[PDB]
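Q: This one is an experimental structure. Sequence first:
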Amino acid sequence: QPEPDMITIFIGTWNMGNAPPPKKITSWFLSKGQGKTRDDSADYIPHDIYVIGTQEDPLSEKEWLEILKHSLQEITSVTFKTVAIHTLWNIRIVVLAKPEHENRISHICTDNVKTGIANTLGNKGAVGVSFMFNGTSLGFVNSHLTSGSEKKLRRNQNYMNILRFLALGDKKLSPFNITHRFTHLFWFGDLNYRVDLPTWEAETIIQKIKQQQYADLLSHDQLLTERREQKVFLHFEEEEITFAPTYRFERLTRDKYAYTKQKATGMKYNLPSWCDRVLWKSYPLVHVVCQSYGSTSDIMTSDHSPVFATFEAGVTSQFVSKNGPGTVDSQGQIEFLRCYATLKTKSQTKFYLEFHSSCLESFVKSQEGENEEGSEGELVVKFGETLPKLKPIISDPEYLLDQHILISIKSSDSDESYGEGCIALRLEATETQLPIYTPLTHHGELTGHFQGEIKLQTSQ
Ligand SMILES: CC(=O)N1CCCC2(CCCCCC2)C1
């Protein structure tokens with residue numbers, strides 16, 4: 001039975017509006033409704049992994065698990081195994097997988113983050129799950145961010161608190177937040193970004209939705225505009241939205257948007273918005289292709305419609321050689337030439353690099369770089385030809401070309417990371433000097449760049 005080099009992943013996000021679901025929710029898991037939908041010819045083909053994020057979920061874990069498993073069994077005649085379930089207040093994540101994957105999945109982690117302070121601490125935040133699938137690390141975040149059209153900055157702050165403090169993946173990756181710990185990271189939920197148009201335009205917006213003319217609405221979507229201004233979700237992808245706004249509906253129909261201010265809304269308008277979203281970030285040059293992104297039309301218990309997204313995702317096998325794991329493979333090496341970090345910092349400390357990768361026995365610390373002044377004010381940290389030669393555990397190119405090197409640039413004075421990034425070993429050539437590049441972030445914000453050349457030696 002061969003190990004897969006691709007899997008498909010279903011991501012669902014649904015704000016249930018504190019109401020039990022209807023008796024049938026299969027359209028959700030089938031990616032049927034509006035938007036980029038799944039072909040009918042695939043209906044019986046199970047996804048490998050289903051990740052379900054709910055918000056305002058009134059069910060017990062037991063009650064929801066029974067609905068989800070019975071739904072998937074009806075669709076596929078497969079009894080899915082529960083990988084993980086984690087709930088913070090009414091925010092929940094469930095991971096289910098085909099039984100054949102049970103001994104491919106390990107290192108399962110769960111965590112939550114509570115956002116806000118005092119007033120604003122008590123119902124918003126995120127839950128997450130991570131695990132290894134053979135040689136590939138997968139992370140999943142379900143977040144319910146701050147509501148209200150005039151709170152986009154709060155949502156952006158909630159995002160930064162979640163990526164800083166959610167403790168998933170390999171704890172040995174200590175300089176790295178969740179935006180660098182996984183081969184594939186999926187972040188979804190009721191992100192609560194709104195269509196920023198005047199209140200007086202509510203009926204105009206509704207008209208546009210009825211005509212399936214989303215362009216003038218998406219150009220005011222706060223998540224798209226904040227992402228384009230690099231205020232949030234830097235280096236994450238989202239599929240094009242081709243489904244109607246998923247909020248705020250009258251319950252028990254989808255024929256009506258309920259947008260007017262009411263005591264129940266705190267006297268706030270809820271103009272039709274794409275609150276419910278799926279985004280992802282994968283390591284460079286790993287296969288990830290969105291195969292559906294849309295909303296259901298037939299699940300009407302909530303004032304939100306469920307959202308689905310499906311992905312093909314590249315995976316790798318748990319590689320064993322005669323040599324590594326448990327030793328190095330002298331036929332392998334990674335060299336770095338003409339490397340320099342450009343940092344936005346106003347500080348003057350010495351810096352060194354750390355290289356982290358599961359292709360190394362442990363992380364590698366460089367010598368200090370040489371600081372110069374850039375022509376436009378910047379700090380340039382020159383490593384020249386001074387970086388160590390990295391010694392991978394396995395030299396086989398079928399393994400090594402699929403790996404990645406995480407880079408942290410740290411202050412010698414404080415040992416705090418000023419920037420993190422990632423370099424793919426999926427090179428055009430081996431034994432050849434080739435350009436490399438990564439942006440550097442810290443707390444998910446741009447802090448600089450790392451560039452230079454790489455020379456990769458494999459056993460071939
Ligand atoms: C690959 C990627 O994610 N990019 C590059 C192209 C522009 C951006 C995507 C379009 C939506 C708004 C954010 C800007 C970001």
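A: The structure has been received and is ready for your questions. Numbers count the residues shown, from 1 in each chain.
Q: The residue in the chain positioned nearest to the ligand - how many residues pack around it?
A: Closest residue of the chain to the ligand, CB to the nearest ligand atom: residue 227 (3.8 Å). Backbone N, C-alpha and C define where each C-beta goes, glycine included. Neighbour count of residue 227, defined by other CB atoms under 10 Å: 19.
Q: the longest helix in this structure is where?
A: helix 61-76 (DSSP state H).
Q: In terms of secondary structure, what does it contact?
A: Using 3 or more CB pairs under 8 Å, 6 or more residues apart in numbering; DSSP states H and E as the contact test, the elements touching helix 61-76 are helix 26-29, strand 49-55, strand 81-88, strand 91-97.
Q: Pick the most buried one from those.
A: Greatest average neighbour count among those goes to strand 49-55 (a mean of 27), per mean count of other CB atoms under 10 Å.
Q: now the angle between helix 61-76 and that one, please.
A: 140 degrees (axes from the mean of the first three to the mean of the last three CA atoms, to 10 degrees).
Q: in its sheet, what does strand 49-55 sit against?
A: Within its sheet, strand 49-55 is paired with strand 6-15 (parallel), strand 91-97 (antiparallel), according to DSSP bridges.
Q: what about residue 166, distance to residue 151?
A: To residue 151, residue 166 is 21 Å away according to CB to CB, to the nearest Å.
Q: quick one: which of those two has more around it?
A: residue 166 (25 against 19).
Q: show me the contacts for the more buried one.
A: Residue 166 makes contacts with 111, 112, 113, 126, 128, 141, 178, as judged by CB atoms under 8 Å, 6 or more residues apart in numbering.
Q: how about these, which pair is most distant?
A: Distance extremes for the contacts of residue 166: the farthest pair is 112 and 178 at 12.6 Å, using CB to CB.
Q: what's the overlap in contacts for the two?
A: Shared contacts of residue 112 and residue 178, counting by CB under 8 Å, 6+ apart, come down to 128, 166.
Q: okay, those two: which has more neighbours?
A: Neighbours were counted for residue 112 and for residue 178 using other CB under 10 Å; residue 178 has more, 26 against 19.
Q: returning to what we had before: redo the contacts of residue 166 as TSV? Include distance to residue 120.
A: Listed next are these as TSV, based on distance: CB to CB, whole Å:
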residue	distance to residue 120
111	20
112	16
113	13
126	14
128	20
141	19
178	22
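Q: Now go through these and say which are in strands.
A: The strands, defined by DSSP state E, take in 111, 112, 113, 126, 128, 141 from the contacts of residue 166.
Q: Find the residue closest to the first one in space, skipping its chain neighbours.
A: The spatially closest residue to residue 111, leaving aside those adjacent along the chain, is residue 167, at 4.8 Å (CB to CB, 6 or more residues apart in numbering).
Q: what's the helix or strand for the one you found?
A: Using DSSP states H and E, residue 167 sits within no helix or strand.
Q: hmm, back to that, after the helix or strand hosting the residue of the chain closest to the ligand, which helix or strand is next? Please name it.
A: Element membership of residue 227, judged by DSSP H and E, is helix 222-228. Next helix or strand after helix 222-228 toward the C-terminus (DSSP H and E): strand 276-282.
Q: Can that next one be said to contact the ligand?
A: No. Strand 276-282 does not reach the ligand (CB under 6 Å from any ligand atom); its nearest approach is 8.9 Å.
Q: got the angle for the next helix or strand after that strand vs strand 6-15?
A: Beyond strand 276-282 on the C-terminal side, the first helix or strand identified by DSSP H and E is strand 288-295. Inter-element angle recorded for strand 288-295 and strand 6-15: 30 degrees (by the same axes, to 10 degrees).
Q: now for strand 288-295, which elements pack on it?
A: Using 3+ CB pairs under 8 Å, 6+ apart: strand 288-295 touches strand 34-36, strand 276-282, strand 307-314.
Q: Turn the ones you listed into CSV, including mean neighbour count.
A: Converted to CSV, the helices and strands packed on strand 288-295 look like this (neighbours: other CB atoms under 10 Å):
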stretch, mean neighbour count
strand 34-36, 18
strand 276-282, 23
strand 307-314, 23
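Q: so which of those gets nearest residue 190?
A: With CB to CB, the closest approach to residue 190 among the helices and strands packed on strand 288-295 belongs to strand 276-282: 5.6 Å.
Q: Packing partners of the closest one?
A: By 3+ CB pairs under 8 Å, 6+ apart, strand 276-282 packs against strand 6-15, strand 184-190, strand 288-295, strand 307-314.
Q: between those, which one is nearest to residue 47?
A: That would be strand 6-15 among these, by CB to CB, at 4.3 Å.
Q: Can you mark which positions in the closest one are buried?
A: 7, 8, 9, 10, 11, 12, 13, 14, 15 (16 or more other CB atoms under 10 Å).
Q: from those residues, which single one is nearest residue 271?
A: For those, the nearest to residue 271 is residue 15 (16.4 Å; CB to CB).
Q: The closest one touches residue 143, doesn't it?
A: No. Using CB atoms under 8 Å, residue 15 makes no contact with residue 143, being 11.4 Å away.
Q: Now do the shared contacts for those two.
A: With CB under 8 Å, 6+ apart as the test, residue 15 and residue 143 both reach residue 190.
Q: what's the nearest residue to residue 116 if we skip its chain neighbours?
A: residue 124 (6.0 Å).
Q: where does that neighbour fall, phi/psi-wise?
A: Per-residue torsions, residue 124: phi -100, psi 150 (degrees, to the nearest 10).
Q: if I read this right, it contacts residue 144, doesn't it?
A: Yes. Residue 124 is in contact with residue 144 according to CB under 8 Å; the separation is 5.4 Å.
Q: Neighbour count: the two, which is higher?
A: Between residue 124 and residue 144, counted using other CB under 10 Å, the more crowded position is residue 144 (29 against 25).
Q: Enumerate the residues of the protein near the ligand.
A: 224, 227, 228, 237.
Q: what's stretch 104-117 in contact with?
A: 3, 83-84, 86, 88, 91, 93, 97, 121-122, 124-134, 145-146, 154, 157-158, 161-162, 165-170.
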